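Everything below concerns the one structure shown next.
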Amino acid sequence: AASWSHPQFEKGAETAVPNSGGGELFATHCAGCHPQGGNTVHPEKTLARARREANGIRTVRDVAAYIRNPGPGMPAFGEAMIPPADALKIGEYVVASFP
Ligand code: HEC
């Protein structure tokens with residue numbers, strides 16, 4: 001934006017980003033408390049499939065919903081921090097990763 005800079009018709013360059021990967025997003029937002037799918041804050045609440053499913057957290061979209069209003073000691077993630085597409089990726093990684 002110099003004095004001589006011209007108007008543009010082009011728009012939306014800002015949002016032309018790659019889709020982030022689930023593993024990286026997990027490492028960034030979750031692995032601190034859930035390393036290797038465990039739980040360092042509440043030891044009984046691991047991400048092991050049977051345990052997630054005991055509370056009805058069965059699918060990718062169950063994960064992506066759970067993080068919006070989770071249990072004590074876990075922060076809630078709203079949609080500015082973890083947009084819907086990113087929530088799905090994190091759900092995918094949880095389901096693909098922790099038996
Ligand atoms: C620590 C500050 C946490 C961060 C960051 C994340 N989680 Fe978490 N998680 C944490 C606690 C203390 C608990 C137990 C809450 C309770 O009910 O007592 C959990 C639980 C989960 C679960 C399972 C819920 C259940 O079985 O009832 C899941 C599926 C889960 N957490 C996923 C998850 C994801 C995907 C995160 C990053 C986006 C994440 N957690 C962050 C502690 C913390």
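Letters for chains follow the order of the structure tokens (A, B, ...), residue numbers begin at 1 for each chain, and ligand numbers begin at 1 in the order shown.
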
Neighbours of residue 33 (chain A) within 12 Å (only C-alpha atoms; same-chain residues fewer than 6 positions away dropped), as a short mmCIF file (atom, residue, chain, number, x, y, z; two decimals) with N, CA and C atoms, in the first residue's frame?
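Result went into result-v2.cif, see below:
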```cif
data_model
loop_
_atom_site.label_atom_id
_atom_site.label_comp_id
_atom_site.auth_asym_id
_atom_site.auth_seq_id
_atom_site.Cartn_x
_atom_site.Cartn_y
_atom_site.Cartn_z
N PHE A 26 -3.81 -32.15 16.52
CA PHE A 26 -3.76 -32.90 17.77
C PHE A 26 -2.53 -32.57 18.61
N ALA A 27 -1.34 -32.63 17.99
CA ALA A 27 -0.09 -32.24 18.69
C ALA A 27 -0.16 -30.84 19.35
N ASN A 39 -4.16 -39.58 29.39
CA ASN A 39 -4.73 -38.38 30.03
C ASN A 39 -3.94 -38.07 31.29
N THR A 40 -3.18 -37.00 31.24
CA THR A 40 -2.34 -36.64 32.38
C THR A 40 -3.07 -35.84 33.45
N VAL A 41 -4.29 -35.33 33.17
CA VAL A 41 -5.05 -34.47 34.08
C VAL A 41 -6.07 -35.29 34.89
N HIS A 42 -6.79 -36.15 34.18
CA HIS A 42 -7.71 -37.15 34.76
C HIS A 42 -7.33 -38.54 34.19
N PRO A 43 -6.43 -39.28 34.89
CA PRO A 43 -5.89 -40.57 34.48
C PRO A 43 -6.93 -41.62 34.01
N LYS A 45 -9.64 -41.00 32.27
CA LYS A 45 -10.37 -40.58 31.07
C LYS A 45 -9.47 -40.55 29.84
N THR A 46 -8.92 -41.72 29.47
CA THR A 46 -7.99 -41.84 28.32
C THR A 46 -8.84 -41.79 27.05
N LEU A 47 -8.16 -41.67 25.92
CA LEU A 47 -8.81 -41.62 24.60
C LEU A 47 -8.94 -43.02 23.99
N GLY A 73 -11.47 -29.73 33.68
CA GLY A 73 -10.02 -29.76 33.47
C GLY A 73 -9.64 -29.74 31.99
N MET A 74 -10.63 -29.82 31.08
CA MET A 74 -10.39 -29.66 29.65
C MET A 74 -10.98 -28.34 29.16
N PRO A 75 -10.20 -27.55 28.43
CA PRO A 75 -10.82 -26.32 27.96
C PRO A 75 -11.79 -26.56 26.80
#
```

>> Report as number ranges by chain all protein, DNA and RNA residues lying within 9 Å of region 14-24 of chain A, evaluated on only C-alpha atoms, omitting residues in the same chain fewer than 6 positions from it.
In response: A: 85-94

Could you take the residues named above and write them with N, CA and C atoms, as a short mmCIF file (atom, residue, chain, number, x, y, z; two decimals), in the first residue's frame?
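Listed below is the output, out.cif:
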```cif
data_model
loop_
_atom_site.label_atom_id
_atom_site.label_comp_id
_atom_site.auth_asym_id
_atom_site.auth_seq_id
_atom_site.Cartn_x
_atom_site.Cartn_y
_atom_site.Cartn_z
N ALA A 85 -14.05 -27.38 10.01
CA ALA A 85 -13.19 -28.28 9.20
C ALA A 85 -12.04 -28.87 10.06
N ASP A 86 -11.46 -28.04 10.92
CA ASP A 86 -10.35 -28.47 11.79
C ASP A 86 -10.81 -29.43 12.87
N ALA A 87 -12.00 -29.18 13.42
CA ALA A 87 -12.59 -30.10 14.39
C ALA A 87 -12.78 -31.51 13.81
N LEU A 88 -13.21 -31.59 12.56
CA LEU A 88 -13.38 -32.90 11.87
C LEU A 88 -12.05 -33.64 11.73
N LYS A 89 -11.01 -32.91 11.32
CA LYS A 89 -9.66 -33.45 11.19
C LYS A 89 -9.16 -34.00 12.53
N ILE A 90 -9.35 -33.23 13.60
CA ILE A 90 -8.96 -33.71 14.95
C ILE A 90 -9.75 -34.97 15.32
N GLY A 91 -11.07 -34.94 15.11
CA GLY A 91 -11.90 -36.16 15.27
C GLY A 91 -11.41 -37.36 14.47
N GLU A 92 -11.14 -37.16 13.19
CA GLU A 92 -10.52 -38.20 12.34
C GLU A 92 -9.27 -38.79 12.95
N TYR A 93 -8.35 -37.93 13.41
CA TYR A 93 -7.08 -38.41 13.97
C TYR A 93 -7.34 -39.22 15.26
N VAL A 94 -8.24 -38.71 16.11
CA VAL A 94 -8.55 -39.44 17.37
C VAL A 94 -9.05 -40.84 17.04
#
```

> Of the residues A:37, A:72, A:32, A:12, which is the one nearest to residue 95 (chain A), using only C-alpha atoms?
Replying inline: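 Nearest to residue 95 (chain A): A:37.
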
> CA of residue 63 (chain A) to atom 29 (C, counted along the ligand's line) of ligand 1: how many Å, to one decimal?
Replying inline: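 Atom-to-atom, CA of residue 63 (chain A) and atom 29 (C, counted along the ligand's line) of ligand 1 are spaced 5.7 Å apart.
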
>> Run DSSP on the backbone and tell me which residues of chain A come out as alpha helix (DSSP H); list them as an MDAnalysis selection string.
In response: chainID A and resid 22:29 49:54 60:66 84:97

> Using only C-alpha atoms and all ligand atoms, which of A:51, A:61, A:11, A:6 sits nearest ligand 1?
Replying inline: A:51
